[PDB]
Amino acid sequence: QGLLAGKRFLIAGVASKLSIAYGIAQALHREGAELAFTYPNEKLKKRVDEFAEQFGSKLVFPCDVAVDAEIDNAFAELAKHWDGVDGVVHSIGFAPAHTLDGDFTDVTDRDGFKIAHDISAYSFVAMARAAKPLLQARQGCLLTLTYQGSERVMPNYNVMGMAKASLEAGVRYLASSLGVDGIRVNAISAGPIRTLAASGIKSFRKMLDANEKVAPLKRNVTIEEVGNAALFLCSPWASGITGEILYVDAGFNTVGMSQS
């Protein structure tokens, strides 16, 4: 019997086998959890159905986080199956491509800013509100994924740094709001990982190489390591932890300047 035997988690953000959300699903399922999944649009439905089947789940629901009604409906549909949930994993972020490529001052337009914040930060708050009744029933938790571009300037990131800073403050405000219900709210700040987000981004290889040289462990992290940290934060072993941004970046954030 695994650490999460008898427990239930909703996973939002699987896109491919490289997704952080996929690695999190694998780890939770490995420890005995039953899973449910959302997909962002109809074009992704069949792929997400396939991924869910890999984890023995047929609980798959549409959820475009741009749309209030879809968030509400995803949780209403989930509630037909589950009378309570042990956790909700938010592994969702987006900014228009143009905002991430070029000089910050020049390229950060209002709509680009709006979208980055709406999809990457507000959506976690909206999902927390929609999930609240199911979370209350089992004193379940919330988890999101952030990146240290929130706290220091990182390359090719621009307005996403603003949106992740917003998200991390959201983690804290949610933790204070929902803590009275026994609901913990945390984030993982992952080091860079090749996922669908990096596809066609020529500079990603160079950034990974630079990360590998700076990180104290002298290597890049994996979705398995992020997945295991997520497993921990979603488990009874993390019952004393809320409002926390846990860095899973092989120590990169702790270095100010590396030798060479």
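In case it trips you up, residue 1 is the first one in the sequence shown, and so on.
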Query raised in the report: Out of 161 to 169 and 101 to 109, which stretch has the higher average CA B-factor listed in the record?
Result: 101 to 109
**Report entry** Which of 114 to 122 and 67 to 75 has higher mean CA B factor, as the PDB entry lists it
**Finding:** 67 to 75
Query - Residue selected from 228, 235, 38, 199 by maximal Cα B factor - result: 199
Report task. Please rank the C-alpha B-factors of the chain's modelled residues and tell me whether residue 182 sits in the lowest, middle or highest third. Result -> middle
Report task. Rank-wise, by C-alpha B-factor, drop residue 191 into the lowest, middle or highest third of its chain. Result -> lowest
Query raised in the report: Split the chain's modelled residues into thirds by Cα B-factor; is residue 139 in the lowest, middle or highest one?
Result: middle
Query raised in the report: Lowest, middle or highest third: where is residue 93 by C-alpha B factor in its chain?
Result: middle
Report summary line: Sorting the chain's modelled residues by C-alpha B-factor and splitting them into thirds places residue 149 in the lowest
